[PDB]
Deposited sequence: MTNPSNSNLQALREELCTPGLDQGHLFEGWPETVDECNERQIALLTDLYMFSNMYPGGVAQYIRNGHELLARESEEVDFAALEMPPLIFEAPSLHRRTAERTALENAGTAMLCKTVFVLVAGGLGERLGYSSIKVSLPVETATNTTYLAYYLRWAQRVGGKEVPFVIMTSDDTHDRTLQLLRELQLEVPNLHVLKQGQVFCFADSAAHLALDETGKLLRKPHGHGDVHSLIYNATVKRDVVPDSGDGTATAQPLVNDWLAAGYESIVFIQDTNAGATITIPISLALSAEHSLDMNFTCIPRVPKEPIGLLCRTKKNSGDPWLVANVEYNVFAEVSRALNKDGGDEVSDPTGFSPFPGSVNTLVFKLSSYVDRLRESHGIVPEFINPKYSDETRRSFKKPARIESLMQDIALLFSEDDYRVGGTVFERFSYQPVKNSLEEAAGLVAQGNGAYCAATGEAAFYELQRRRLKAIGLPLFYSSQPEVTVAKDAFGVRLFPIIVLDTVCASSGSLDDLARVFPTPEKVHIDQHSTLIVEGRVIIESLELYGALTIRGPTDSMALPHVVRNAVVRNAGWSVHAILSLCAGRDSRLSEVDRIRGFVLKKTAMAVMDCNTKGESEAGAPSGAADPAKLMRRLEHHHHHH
């Protein structure tokens, strides 16, 4: 679709001063006809980038110059202090009137919430060769992150809940595969794939080629979600459709943090109470960790205050000069917006947000790259488009325990923990999930007594976790997971006695009035949320149950999934109560 001469015009353009991409056409004919398909592919690839990126490859290159220039100086702000609008969430594990009030208000708002999942990233770190959303939240049920979010959203927002997943060339096909394999039926799901952008071989923004002689490419960061949304249609823009259907909020979540289903209702309630246009999910931050800081900022001496995330790496550089937790809250990138305000800023900017570049240098001396570098962007930087004059931007501070990402391999985690840092590995992610259920259930009066000692040690005796007792209630059973919803499952919790070594798995419409459990038990009820619940009374269950042991340093059934957590559950015995 591009003029054979239009390709020639772009090639000439790219050789001009300030663009200087001649090294791309080294040893080429004069015109387009004489070029092999492998050369027209590149020249075409360069031409098409225009519909993927504002100003095409020429502007990409200019932007690189502008960013790389800036990448020899020290980041600095004229001013930095605490954001004016910061609110502290009540504890997730105390059923106070306030918590009850916030959960109820927040849970009602879930009916009018659009959900967005950014899942284009690889997280090269883990020891896991498949996509992050295919990781199990926990291995008792092996429910994937993808299923976990989607089933929760359809539970709180109905089957027709609006749901966006951003994929990339790294995750797209496997994400569609998983959707199909899981038999997930989500009528208003939209899968939007972010584009690839070019890499710079050097500090002069010369485009990088690979071995086969083709242009090297990477995605442009989680920042692209806003433009994908802006350009998406359902001949009507997606966001118009949402607004017309009466949707009032939009929430952005990341690929491996199961905590979001707990924090989100509270954030919605507080946004409403405090009229927040944008509401950053925060936690108290420990000095070293890879989460940004929520700050009130002024980049230059004359500017207006601007509430925004300052990334950990940048705060690390801003810190050591310009003047047990950090002075400002840590931002975990569950982002909660008032939909109408979100859309207004989206329409103004076309979803375009500030960009940056962060080259990894080979040595400490030269502007020489250890690997090619591309321009990036952060989805949270849309905050910069919300002036303090026109908008209310704030943070809600939750318990650190509510932030449970799976980011690090066991070896990094051991290294992190050895320096007293957060592990954020698969083992602590699964263990945190089980403990979270237990804290919530105790909050409504379930008498769980259990040891705090670890039961298995991972990463060559670096640290231990514990798993038991394991209690996992599905979305039909637990509905939204609010404390009121959990109380519906256990109407008389003082009669339910689950031993510390037990496993209780509950699926479908179930009420448990009274139970003595020493062992493992699955209880299944009607999958139809609107059916007559299967009620359990005076149940007494005892069997060998389950156990856990470490994968030893030494017909193998161990998968990467087992290996990245360093232990395996042995699912020895299991009673089943169906009906």
* **Deposited residues absent from the coordinates (by C-alpha)** => 1-2, 237-250, 340-350, 582-585, 611-641
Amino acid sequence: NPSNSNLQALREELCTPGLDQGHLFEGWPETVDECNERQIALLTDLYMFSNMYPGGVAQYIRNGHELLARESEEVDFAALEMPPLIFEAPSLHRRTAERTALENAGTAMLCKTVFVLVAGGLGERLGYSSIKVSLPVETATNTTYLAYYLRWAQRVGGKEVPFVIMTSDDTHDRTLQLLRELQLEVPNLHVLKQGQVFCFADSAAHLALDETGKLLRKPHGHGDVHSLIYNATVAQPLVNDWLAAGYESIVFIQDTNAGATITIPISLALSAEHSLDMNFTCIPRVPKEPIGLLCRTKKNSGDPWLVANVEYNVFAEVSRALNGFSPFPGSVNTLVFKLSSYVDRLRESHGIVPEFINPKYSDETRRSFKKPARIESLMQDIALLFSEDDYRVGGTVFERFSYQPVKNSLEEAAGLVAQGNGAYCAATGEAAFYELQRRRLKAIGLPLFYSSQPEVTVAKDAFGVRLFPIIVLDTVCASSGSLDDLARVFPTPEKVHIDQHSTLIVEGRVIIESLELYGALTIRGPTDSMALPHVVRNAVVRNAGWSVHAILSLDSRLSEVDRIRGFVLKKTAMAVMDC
From here on, numbers count along this sequence of modelled residues.
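We call the rigid core the largest set of C-alpha positions that still match within 1.5 Å between the two forms.
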* Asked: Say the other structures are aligned on the rigid core; which stretch then has the higher CA RMS in 7 other deposited structures of this protein, 305-313 or 429-437?
  -> 305-313
* Asked: With the rigid core as the fit anchor, does 70-78 or 145-153 show bigger C-alpha shifts in 7 other deposited structures of this protein?
  -> 70-78
* Asked: Looking at the deposited entry, does 375-383 or 204-212 carry the larger mean Cα B-factor?
  -> 204-212
* Pick between 48-56 and 28-36: the one whose mean CA B-factor in the entry is higher. => 28-36
* For the C-alpha B-factor as written in the entry, point me to the maximum among 300, 256, 129, 134. => 300
* Between 506, 80, 266, 197, which carries the biggest CA temperature factor in the record? -> 80
* Going by what the PDB entry lists, where does residue 112 fall on CA B-factor within its chain: lowest, middle or highest third? -> lowest
* **residue 20 by Cα B-factor - lowest, middle or highest third of the modelled chain** => middle
* Asked: By the record's CA B-factor, is residue 271 among the lowest, middle or highest third of residues in the chain?
  -> middle
* Structure fact -> On the chain's distribution of Cα B-factors, residue 515 falls within the third called middle
* **Where the record places residue 296 (Cα B-factor, split into thirds across the chain)** => highest
